[PDB]
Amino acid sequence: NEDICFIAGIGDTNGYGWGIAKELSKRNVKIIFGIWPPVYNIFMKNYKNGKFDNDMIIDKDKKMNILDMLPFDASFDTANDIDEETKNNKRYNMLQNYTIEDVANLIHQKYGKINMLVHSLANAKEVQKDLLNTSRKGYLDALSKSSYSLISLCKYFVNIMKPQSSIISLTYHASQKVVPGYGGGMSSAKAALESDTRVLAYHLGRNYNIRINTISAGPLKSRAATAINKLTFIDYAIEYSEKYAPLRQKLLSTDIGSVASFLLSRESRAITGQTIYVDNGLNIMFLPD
């Protein structure tokens, strides 16, 4: 029935955004990528040069179909928020309509209303620092980019979404339990995001009949995950998860993708405001073996 999904936060094929795209594509949902301007050019070149073709293979019966690929920066709500420096920066200078409001408008003009929205991004300048050593600026950066970006995303996309639409984001259990090394206010940011998902579920539910949930994912060696280490963090997390989770299988990006796909579909019609753990059951453990 022409399901269309905007995925905010893909920069290569190694993260959760790609797994989500892949699983949605299997269900025939049309995909639009929102790509952060620092990685946008290299994403487009790699794509054009066929570097992603193997990764786009669904089952060798089918391959992913990408409707569109758009520059997107979740730091900026509207054109008026973009500082002169950023506007003129080498990587931004050749790009247009990349703020949250502008991408919503652009999508609406080209394709009309959509019914699925994925927030799959996060950022924090001081992620390598422990919370106690994080500055005011660095903490506010984490909240701005990782948490506020969801609210803003919702604010502007609800106008271009049909009733009974669905929105998902991605979170991590460090919001609820202590993960040393998940620094820079990222733990704080995921805690805010999980709480905001409830408040948004209430308002979007009553005022638009739109659902919103978040997926608390287990560890995946994405490009962003690698950046967490100082002086690795993700290696430890993965090793620990595969050794101690109730389910010992390797956690795949498409494992999250298939849950995202369910949550974005009408099958999850009575679920909203929730944090859903897709982490091989690791979250349930207290004492290891």
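So that there is no doubt, residue numbering starts at 1 and follows the sequence shown. Between two forms, the rigid core is the largest collection of C-alphas that superpose within 1.5 Å.
Each structure in 4 other deposited structures of this protein is fitted to the shown form on the rigid core, and of 77 to 85 and 189 to 197 the C-alphas lie farther away on average for 77 to 85. RMS Cα deviation from the shown model in 4 other deposited structures of this protein, rigid core fit, is larger for 58 to 66 than for the other stretch of the pair 58 to 66 / 251 to 259. Per the compared records, residue 27 is resolved in all of the other entries whose models span it, so no third of them omit it. In the other compared entries of this protein that model both flanking residues, residue 221 has coordinates in every one, well short of a third left out. The PDB entry reports B-factors from which the mean C-alpha value can be compared for 254 to 262 and 37 to 45; the larger average falls on 37 to 45. For the segment pair 216 to 224 and 49 to 57, the entry gives 49 to 57 the higher mean B-factor, averaged over Cα atoms. The maximum CA B-factor among the listed residues 110, 177, 119, 211, taken from the PDB record, is found at 110.
As recorded in the entry, 89 carries the highest CA temperature factor of 89, 78, 146, 165. Ranked by C-alpha B-factor against the other modelled residues of its chain, residue 5 falls in the middle third. Residue 83: CA B factor lies in the highest third for its chain, per the PDB record. Residue 95: CA B factor in the highest third of modelled residues in this chain (values from the PDB entry). Among all modelled residues in its chain, residue 197 ranks in the lowest third by Cα B-factor. Residue 133 sits in the middle third of its chain by CA B factor, as recorded in the PDB entry.
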